[PDB]
16 protein chains.
Amino acid sequence: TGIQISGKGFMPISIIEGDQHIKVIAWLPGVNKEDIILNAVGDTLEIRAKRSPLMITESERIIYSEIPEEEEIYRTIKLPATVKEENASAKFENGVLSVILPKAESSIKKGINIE
Amino acid sequence: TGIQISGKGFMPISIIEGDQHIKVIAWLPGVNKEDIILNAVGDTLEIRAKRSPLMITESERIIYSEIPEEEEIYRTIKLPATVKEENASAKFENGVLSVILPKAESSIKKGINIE
Amino acid sequence: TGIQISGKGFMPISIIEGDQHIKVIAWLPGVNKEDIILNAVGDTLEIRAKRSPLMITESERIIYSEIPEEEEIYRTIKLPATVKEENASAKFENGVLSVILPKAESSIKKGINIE
Amino acid sequence: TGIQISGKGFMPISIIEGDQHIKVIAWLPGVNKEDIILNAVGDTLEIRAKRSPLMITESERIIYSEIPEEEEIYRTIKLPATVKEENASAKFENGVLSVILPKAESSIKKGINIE
Amino acid sequence: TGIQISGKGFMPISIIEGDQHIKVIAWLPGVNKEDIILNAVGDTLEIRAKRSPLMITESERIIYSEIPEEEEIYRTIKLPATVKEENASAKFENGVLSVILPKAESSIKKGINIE
Amino acid sequence: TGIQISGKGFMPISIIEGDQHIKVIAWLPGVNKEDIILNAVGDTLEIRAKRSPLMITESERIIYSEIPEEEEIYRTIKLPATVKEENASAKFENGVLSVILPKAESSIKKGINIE
Amino acid sequence: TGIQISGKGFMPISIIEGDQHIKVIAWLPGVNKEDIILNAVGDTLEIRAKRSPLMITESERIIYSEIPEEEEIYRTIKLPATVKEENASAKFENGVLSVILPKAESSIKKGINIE
Amino acid sequence: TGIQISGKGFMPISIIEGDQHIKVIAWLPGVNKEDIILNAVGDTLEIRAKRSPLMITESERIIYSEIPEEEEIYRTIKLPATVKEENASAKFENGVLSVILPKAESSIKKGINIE
Amino acid sequence: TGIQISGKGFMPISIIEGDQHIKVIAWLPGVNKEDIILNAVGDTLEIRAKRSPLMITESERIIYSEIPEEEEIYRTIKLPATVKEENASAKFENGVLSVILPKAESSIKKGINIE
Amino acid sequence: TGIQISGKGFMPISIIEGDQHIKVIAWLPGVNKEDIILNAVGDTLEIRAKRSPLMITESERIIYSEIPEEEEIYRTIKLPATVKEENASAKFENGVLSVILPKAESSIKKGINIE
Amino acid sequence: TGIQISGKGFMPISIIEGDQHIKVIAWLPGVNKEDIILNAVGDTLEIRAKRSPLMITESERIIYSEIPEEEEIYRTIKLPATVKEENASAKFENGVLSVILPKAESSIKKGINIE
Amino acid sequence: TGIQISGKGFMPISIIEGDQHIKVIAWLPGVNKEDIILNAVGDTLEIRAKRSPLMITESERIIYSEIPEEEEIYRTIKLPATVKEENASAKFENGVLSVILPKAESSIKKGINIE
Amino acid sequence: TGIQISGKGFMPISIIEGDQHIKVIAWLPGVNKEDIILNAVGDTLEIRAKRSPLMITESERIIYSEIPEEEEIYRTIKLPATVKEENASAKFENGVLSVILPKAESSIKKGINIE
Amino acid sequence: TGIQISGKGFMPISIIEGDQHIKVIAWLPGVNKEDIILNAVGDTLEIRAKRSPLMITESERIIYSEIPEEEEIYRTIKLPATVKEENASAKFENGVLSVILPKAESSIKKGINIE
Amino acid sequence: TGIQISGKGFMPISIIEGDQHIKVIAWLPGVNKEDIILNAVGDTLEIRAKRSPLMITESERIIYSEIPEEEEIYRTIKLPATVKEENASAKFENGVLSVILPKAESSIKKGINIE
Amino acid sequence: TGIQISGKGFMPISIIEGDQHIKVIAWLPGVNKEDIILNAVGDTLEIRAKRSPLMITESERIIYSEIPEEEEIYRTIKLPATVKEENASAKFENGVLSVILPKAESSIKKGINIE
């Protein structure tokens, strides 16, 4: 549907497009700020992250779990437009990752009169 | 299977039992530290929480998303054994919740080494 | 579903639990002020009521009817928590009964600090 | 069966035909006096009403309810005979509406007796 | 059999259609000459009758009965074609009614005038 | 579909609408002027016909034939609007029947404008 | 079956063979005499025709038809025996075509004596 | 509903009804004000119109289209109530048609007050 | 098929190509001239629109509709060639949108001689 | 098998093919010389006959019978090669018909040498 | 279907039938004028042709194709009529083959007058 | 496919045509030159043969055998053209039979020049 | 399969790609020299043509045709590499269309040393 | 899934990406070093090879084989990034091909800060 | 088929058989000579080996593969003839393995030369 | 599967084959070291033992038990190859038996000359 996505593991994401930039939304619970790698260029975006396994005491044991445990996970997406990555910015809080990607000049759409 | 869990929406949770305590783990992405209500007595656990919606500018618009949008979500659990909630504790970081539940000394089993 | 309900006839009912009280609703069309029996104890609730049959003039005849004709009906309910029925209150209007059940101090959940 | 009924939502109704009139019964739980609209002409009758769902207070946690809650509801009925609407009458108490309409055909009362 | 007959009580009827009229034979045992109400309009016919009440008593221990005293009995017949009610005629003998419905002039089917 | 047709035998037909009339067409292969029946009233039409069977000489024998053998054929049709059958006309040539049905003025729907 | 038929369009036909000739029957609703071209040689017959389409008025519209639309139609049939086309004859009436085919002398059956 | 709809081709429709009138909504994309034929009488509606096909130059060609090409299209409607066609009005804008149908005096229903 | 389309809601569209320009065809019933936003660049065409809700008087109600009720709708198209947006023009009438996009020289085809 | 046999009734037959002629055998028990009709031309043959029923005196009764009762019987046969029916010779004796038919010159097969 | 067609390979063909002749149309793409062998007699036509394989350069490999490859191709057709080959003619250009077959006199059909 | 074959026994065959002749091929294993009979005329071919059974010694017995043992066998064929049998020649060696049939003058086709 | 082909109508095309150029091969039988339009740029190439219909005299008609009749046809293709149209060359004979595309500089692939 | 591969024959492959380059893996059994051609450019890479067929001795026979027989084979793959072919390197050992594609500058990804 | 093979792992194989020896072919991509385990005796042969997995640098990642990842593989074969295993020989070049098995003189078959 | 197993009682067993020996494992819960009988010869192995029953004290009484009570238990296993039982060994700990079966030296497979 105008975009392609790939990667390993589970990863909720969402994308918002403006007239000058694009906002990226991602869910990465249980990760330390340093465990994240995000690289981009042109119109392509890459997300890489690793989470610690849930340690347990020798006396302790798990009766039940829902959480997938695979530590390494990443997701790749092709955007609908080219961006100026060098000016991009991102915020991460509450296990959630936030990104801002300025649009490239060529991508800036233009209006047309209607009569 | 000896315990039951209930609630609305999508919410990962994990449960672990210790000799002196029981440990509960849950993922609360998009929840501010103060947005959480957590209540416990005896051997039953309850959780309620609200995550802000995805804000957008009139120019901006959502193109793709799998993340569910509903804000308020909750979870309820019945433990297998009684706990001393008065001494329990909870720690929440990076959109993930952990809770320490002291087992009742009456509930605390007596491992015997014999042969 | 964690609670049980039974009885005879059609008597739509809905239950709402509040931190300090429980609100319950029952559809009772066409029933007079004197026909209603209410009883609650511990964490269970009972209702019994009787509606006069459809009287008609000798020259009249019922050509069509979807309204059920039975007079007496009752319903049993298991509450999830104990209530202080002695201080409860209820009201009936427009064929519907409204109830408020104060919750016992023992049953009232305790909140725990988050850190 | 010589008479037709239609509308939306749940609305039990009873039709009673007299030698000089037709009486109609409608169950409208929780419906206020001013919210109900009654209209008729010829040999057809129509009903409109709307019910306010509820108000939230405190936690306001409700389990799977047995009571329906569609707000707007109406019903239309074709009578077997023409009625004199200008002389009709209606009353609503205990959540049930009662209506009596004199029959225009009865005001004519044709007869061509032969051997 | 493509035509509708309805009513209450036991009242055998035979409907005969002519090219200029409709003739109907009906069984009305025990009904007086003045007790038979006959009405017609458009393409429908109404037959109404009442027989002697023939009450019940005691000190007899009724030993046998096949004759019902049901007084008010009627039948509604959907005629296949329009009739001129003002010109109808009938004869009643030995509890059997012989009606004539002269639909002789209310329409005249087109004919062959081909050239 | 707003008009109904039935009958026995093979009889193709087609229907037309006119501003002040209705045209109807019927294929009647091998039918003589005298074998034909056409009657109509109101908004319904009837057709009956009978065609002589396949005659054969004593010295001849039918080695193959696909043409049906039945002689009598007929059709009945419900028209969509009222017609003034007294003014109708029809023509039959080359085994095909054409009929002209002037429409009832009351049935004519004209005289609405846009602004 | 010792004989073949082919062509396009709707064309009922029946064939009858005489000891000295062969007679053929054809259904041609709505065809003008000149519209048809019948030819023959050897033991095969060819029939060509064209039926005018259903002309219409500007205000007119066709609401339904059973009649097929195509105009140009023809059929071909291979006779089992040779004929003397120069002596053939045909008659067409009431949208129906008849043909008489004198059988060739060698085509005409010869009977061996009793012994 | 008591209403019927018919016609050919693609023509989206919606129908509103008023107490004193009836309002009709029709989509007619790609139409000029003069191409539309509408007429009304009694309690039934008809709408007929024509839209030009897609013009093109010999140096241009169709690569992809969803819009159906057939030009002549119409629809018909059977109302549940009679209207006063002579007083009806209609407006057309932005490819959409709005019609106002003053309801007949007999059609106008009588409201019934609750006693 | 070498061209990509996307958006939300119902939006008929068709596309035409010439040697020097691109023509765009779309259906927007019931929209006001200003309610539409269209931008494009490179080979990408964006269409955005918001439609008025079907106004209804309090006494009225929609007995039936086919028109989709959603108000805002938009579409995106990736053309097979590049365009000079700054020179484009568009006309809109009768609920239809017309847009002409001159092709970009670099993308503009060249004729190739054949010998 | 390159040839066809047809007819009615029990008529066993056998066919014998020579270099210069064809001989054919047919079982016709109980048929008179005057009852037989045989006709052949080209490379096909016809046989027609009739056998009288079994007579008995009125006092006599058939205690056992396997012999068939039907009288009229016939057969038709297609040869694989043309025959000169002029020179045909037939012999009927003991309820069996024998016939020899010289073959046509073209039918006559020339012996071909081996080198 | 009155004519037989056979042969190996791909060779589109169509047949035309003159009253004095027969014209045949065949597609023989990629063939040099001399590479066709054609011969015919009676009412049967034989066509033989061979094409060079689609040559390739030593440093050339085919990415994609659909054209069938077999070099020799032939077809045979049995006409419904006898012809005079000695007088025939044919043309071949633009990879398309044309042939003219004058009919035999016996092939000439004789028109039949109709009465 | 325009050619038909018949006979009894096992006899694989293949057929060859040239511009000047026809060549025929047959497998007749275990058959001596003297046991073969072949005949032909016009455009049809006959084959007849008989193979000596396998003799067996008294001390010897057949353990297993796939070979069909029927001695006499024959085949019949209809050629696609007429031949001149008086000049035929055939070879039989290595258990395989070959035949060369010079064409008839009508059989040899005449080339048609191209324009 | 990594390459795009498109267009309407019947147009066989086989594509071949050389290291230094692209050769394009297509079958366009039955078209005139000038009705061929081939244009290209970048990495995409277009083909348009029209073919005369099979004309006939009124005395003439058809027995059978395999050739499709539609007249306008075209095809478009996206090559794997960009070209320099200016040096393009093409030949068309015998209904076969040949085109040569010298490859663009940036497209010329470079061999890699092997170890 | 973002990468495309095509070709004919059997040739297992696998692909790897690095931050400076791309590594390619391929199985090529039975290939001498000389018969493999590798070329690539930009983001396009092609592999061509031909293997000697399995020669055999006159006395020899193939009883069973799994290996496919085709000799010429190739593959094409379009990479996710463009490379600097001139710097590439490819090691071939043990019937397996290894290739190194140093990434081009614009392909080089850029990391972006987070807070 | 009288010969069987078994084992785990992917290993295409083809058996060849001489008169004085037997040849066999095995595909073993990525198998170092030292990882090769092959053993046989009498008329049965064994094959076993392990392949190193594809290593990667931490920065590197697998995007797509077809390579089978199982390492340890082997095969077992029953040969149809005994061999002098002590006299066998093998060759392993470019990932393809070949072997020669001198056949035991007992297995060696003695030719028979008679007419 | 080349080996056979038999015996009585509950006895999980595992079999492992090496290059020069064969290893066998058996579960012997509750069996004393001396309770076992172990014998083997050629390529078959025998194991027999008797395990004591479940004793109970005077005051005791058995309420539940799953363990089978049968004392005598044995198993018979025919090995695939002959073994050097004279050199075999066995080891039994924690109720589980292990046995080493050095297989016959003659069974060794060797002889292939590795280049």
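Under the PDB entry, chain A has the name Small heat shock protein HSP16.5 and belongs to Methanocaldococcus jannaschii. As its UniProt record puts it under Function, chain A is described as follows: "Chaperone that confers thermal protection to other proteins."

Trainee: Looking at this structure, how should I read a negative patch on the surface?
Mentor: Residue and element names in this part refer to chain M. A grouping of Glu-34, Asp-35, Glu-69, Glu-71 and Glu-72 is seen on the molecular surface, where their side chains present a negatively charged patch. Take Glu-72: it is sitting in strand β7 (residues 72-78). A relative accessible area of 44% places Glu-72 in the partly exposed class.

Trainee: Explain the sheet that holds strand β1 (residues 4-8) of chain A here, please?
Mentor: Hydrogen bonds between backbone groups are what pair the strands of a sheet, and the pairing can be parallel or antiparallel. In space, the five strands of this open sheet follow the order β1(A)-β7(A)-β5(A)-β4(A)-β10(N), with antiparallel pairing throughout. Where the open sheet ends on each side, the last strands, each with one partner, are β1 of chain A together with β10 (110-111) of chain N. Both strand β4 (residues 36-41) of chain A and strand β5 (residues 44-50) of chain A contribute to a ladder of six bridges, which runs antiparallel. Its bridge partner lying in β5 of chain A, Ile-36 of chain A is registered against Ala-49 of chain A.

Trainee: Just checking my understanding: could you explain the interface of chain I and chain H for this structure?
Mentor: Often the size quoted for an interface is simply the accessible area lost on bringing the parts together. Facing the 35 residues of chain I at the interface are 28 residues of chain H. Summed over both sides, the interface of chain I with chain H buries roughly 3000 Å², with 65% coming from carbon and sulfur. When the buried surface of chain I facing chain H is broken down by residue, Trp-27, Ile-63 and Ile-67 of chain I rank first, second and third, together holding 22% of it. Our count for the contact surface shared by chain I and chain H stands at zero salt bridges. For the pair chain I and chain H, the interface holds 17 residue pairs in polar contact. Broken down by secondary-structure element, the contributors of at least two residues to the side of chain I that touches chain H are β2 (13-18), β3 (21-27) and β6 (61-65) of chain I. For the side of chain I that touches chain H, the element with the highest residue contribution is β2 of chain I, accounting for six residues.

Trainee: Hey, could you run me through the interface of chain D and chain C in this one?
Mentor: With 36 residues of chain D at the contact, the number on the chain C side is 35 residues. Counting the surface lost from both chain D and chain C, the interface buries some 3000 Å², and carbon and sulfur atoms represent 63% of this. Summed over the three residues of chain D that lose the most area to chain C, namely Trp-27, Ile-67 and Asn-94 of chain D, the buried surface amounts to 22% of that side. Counting across the chain D and chain C interface gives one salt bridge. Those elements that provide at least two residues to the side of chain D that touches chain C are β2 (13-17), β3 (21-27) and β6 (61-62) of chain D. Broken down by element, the side of chain D that touches chain C gets its largest block of residues, five residues, from β2 of chain D. A breakdown of the residues in the side of chain D that touches chain C according to their chemical character gives 20 nonpolar, nine polar and seven charged.

Trainee: Got a minute to help me understand the sheet that holds strand β1 (residues 5-6) of chain F in this structure?
Mentor: Residues and elements named next belong to chain F. Taken in spatial order, the four strands of this open sheet run β1-β7-β5-β4, and their pairing is antiparallel. Here the strands that pair on one side only, and so sit at the sheet edges, are β1 and β4 (36-41). Sheet topology places strand β5 (residues 44-50) next to strand β7 (residues 72-78); seven bridges connect them, and they run antiparallel. Bridge pairing in β7 places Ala-49 opposite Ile-73.

Trainee: Can you help me understand the packing of aromatic side chains in this one?
Mentor: Within the structure shown, the criterion is met by nine aromatic pairs over all chains. Considering the side-chain rings of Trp-27 of chain F and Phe-10 of chain G, the 5.9 Å spacing of their centres and the 35° angle between planes classify their relative orientation as tilted. Taken together, the positions of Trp-27 of chain F in strand β3 (residues 21-27) and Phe-10 of chain G in the loop between β1 (4-8) and β2 (13-17) put the pair across two chains. Among the aromatic side chains, those forming a connected cluster through ring pairs are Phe-10 and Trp-27 of chain F together with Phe-10 and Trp-27 of chain G. A cation over an aromatic ring shows up here: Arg-61 of chain B above the ring of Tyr-74 of chain I, its NZ or CZ 4.3 Å from the ring centre. For the cation-ring pair, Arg-48 of chain C lies above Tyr-74 of chain C, with the distance from its terminal atom to the ring centre recorded as 5.5 Å.

Procedures and definitions
- Residues numbered from 1 in each chain as written, not as in the entry; some residues may be left out.
- Chains lettered and ligands numbered in written order.
- Part of a larger assembly, values for the part shown.
- Heavy atoms only, no water.
- UniProt positions renumbered as here; feature names shortened; annotations may be inferred.
- Patch = residues over 30% accessible without salt bridge, like charges linked within 9 Å, V, L, I, M, F, W, Y side chains within 5 Å.
- Areas by Shrake-Rupley, 256 points an atom, 1.4 Å probe, with all protein chains shown as cover.
- Salt bridge = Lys/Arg side-chain N within 4 Å of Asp/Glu carboxyl O.
- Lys, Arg positive; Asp, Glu negative; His and termini not counted.
- Charge placed at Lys NZ, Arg CZ, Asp CG, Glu CD.
- Helix = DSSP H or I, 4+ residues; strand = E, 2+ residues; numbered from the N terminus.
- Buried < 20%, exposed > 50% of the residue type's maximum accessible area, 1.4 Å probe, protein only.
- Pairing = 2+ DSSP bridges.
- Contact = heavy atoms within 4.5 Å.
- Buried area = accessible area lost by both parts, 1.4 Å probe.
- Polar contact = N/O pair within 3.5 Å; in protein donor to acceptor, adjacent residues only side chain to side chain.
- Nonpolar A, V, L, I, M, F, W, Y, C, P; charged D, E, K, R; others polar.
- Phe/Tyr/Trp six-rings, centres within 6.5 Å; stacked < 30°, edge-to-face > 60°.
- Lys NZ or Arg CZ within 6 Å of the ring centre and 35° of its normal.

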